[PDB]
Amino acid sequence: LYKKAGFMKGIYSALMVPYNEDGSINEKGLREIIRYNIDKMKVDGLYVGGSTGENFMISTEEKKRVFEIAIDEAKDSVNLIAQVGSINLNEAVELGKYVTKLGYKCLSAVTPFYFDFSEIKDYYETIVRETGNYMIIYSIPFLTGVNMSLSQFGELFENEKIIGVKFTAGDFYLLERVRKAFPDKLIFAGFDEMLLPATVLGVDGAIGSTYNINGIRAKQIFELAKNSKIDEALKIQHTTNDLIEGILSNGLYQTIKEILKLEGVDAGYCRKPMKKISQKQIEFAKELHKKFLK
């Protein structure tokens, strides 16, 4: 339908945040990662604040500082989505209000793992109505759960400001059903290693962490599959998944940071008392870079 926010289509990097040794934000490194994504990966958008290991119990003051820097550095060059969930509802509202005042024009949220569908719906609709901003839902509204039902999607998509969904589990029957039932909503693939089969089911783009270093190939897959070049897209998805297979066996986030540094980006190391990367994983990351990205 013509009412879709079609300008939002494309490849979004789940923005990696670098940290200093003491745990604070490496603001200079963060600006380098933003610039690398915009200028070298050529991403269509940035997805800021997704919950990972190092992201989760960081202070909201540091969450806010990441949001300020990201929109200051990106300006209006790419689309932005700010994830403001994974915290209590009143906390998520004050964060949604803050990023809205900063100028973010689209929110996303996943709920905390405390549950009933009425509580999920109220969580989303509260953020929307208290911030006045647009909202991308998650297909799985918390971690240890499963994808929502088709009629639950309808309850949420009844809200005009709930404009799309990040699809995080690869149920491709449900993905087809959601695409058919809501042609006016955006669907973003959350699974980088399944971008090609998602693209032919009509997803509007993809949100992923590997696009920080593999955004060029990802954009090629998306574009070729939508323009009658499926054989070429499949070969690039094959190459991409050789890289992803190695990234996954070597530790996803620590390997992305190592390859960023091999590309000259001051990405540091994984934060917190999160497990230190090993000498063997350092060497494997170097081999992955030489073979796939150098």
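Position 1 is the first residue in the sequence shown; the rest follow in order.
- The entry shows a gap from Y114 to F115, with 1 to 3 unmodelled residues of the deposited sequence in between.
- A summary of the deposited B-factors shows that, of 154 to 162 and 206 to 214, the stretch with the larger mean C-alpha value is 154 to 162.
- Mean CA B-factor, 178 to 186 versus 119 to 127: the higher value falls on 119 to 127.
- Each of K286, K272, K280, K9 has a CA temperature factor in the record; the biggest one is found at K272.
- The PDB entry assigns the greatest CA B-factor among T168, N133, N88, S108 to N88.
- Placement of the Cα temperature factor of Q83 within the chain: middle third of the modelled residues, per the deposited record.
- The PDB entry assigns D192 a C-alpha temperature factor belonging to the lowest third of its chain's modelled residues.
- Residue-level temperature factors show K226 in the middle third of its chain, judged at the C-alpha atom.
- Per the PDB record, residue ranking by Cα B-factor puts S77 in the middle third of the chain.
- For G45, the recorded CA temperature factor ranks within the lowest third of the chain's modelled residues.
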